[PDB]
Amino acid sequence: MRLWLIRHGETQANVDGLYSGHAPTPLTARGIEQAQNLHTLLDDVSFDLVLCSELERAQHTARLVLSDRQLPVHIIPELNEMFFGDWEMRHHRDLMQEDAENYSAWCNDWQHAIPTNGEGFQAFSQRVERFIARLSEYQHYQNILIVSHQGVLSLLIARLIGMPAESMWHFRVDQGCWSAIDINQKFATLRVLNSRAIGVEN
């Protein structure tokens, strides 16, 4: 099978440098342009399954990429952005002053520190691990499109090719781009990362 990875387009929180999390921040006109361009970039890619995160910025993207195509869309909560709790829709500068200790512990130990009343990277990375273990349930599909977020998709790449969760940061997943990873007998091959070219089915 091949997973076509798409991160949602630009959002207002991105423009304002804010932590996004589960908060419903809207797509910016640039993010609509990014998704609309992606629709034509992968128009001739014959998908048979779409898996999308619950957050509407991802579903808004999946609508624009899909357009009139009418493909089945599964809403997978495992594909959701990390839940930052009290820190959502707030900026890094303000957090170091309003919540100094809990936020410093996160900046100095992002892998184990829990965002204030949110979910830590351990629970987040276990969610993605469960999604990976669920891929056998889609074994009858050939071209699955995944619409998700930067942290989910980057960690998905890292875990699929057999690396620890920490090395997710070697694969930044960009907006307005698409990536693809092939899996055969649970051996993952990263084939395309952050392309803006017309897709070609493999």
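All residue numbers are counted from 1 along the displayed sequence.
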Of the two stretches 62-70 and 141-149, which shows the higher Cα B-factor on average in the entry? 62-70
Comparing 174-182 with 5-13, where is the mean C-alpha B-factor higher? 5-13
Between 51, 41, 135, 157, which carries the biggest CA temperature factor in the record? 41
Just the C-alpha B-factor column, please: which of 76, 89, 128, 105 has the biggest number? 105
Splitting the chain's C-alpha B-factors into thirds, which one does residue 26 fall into? highest
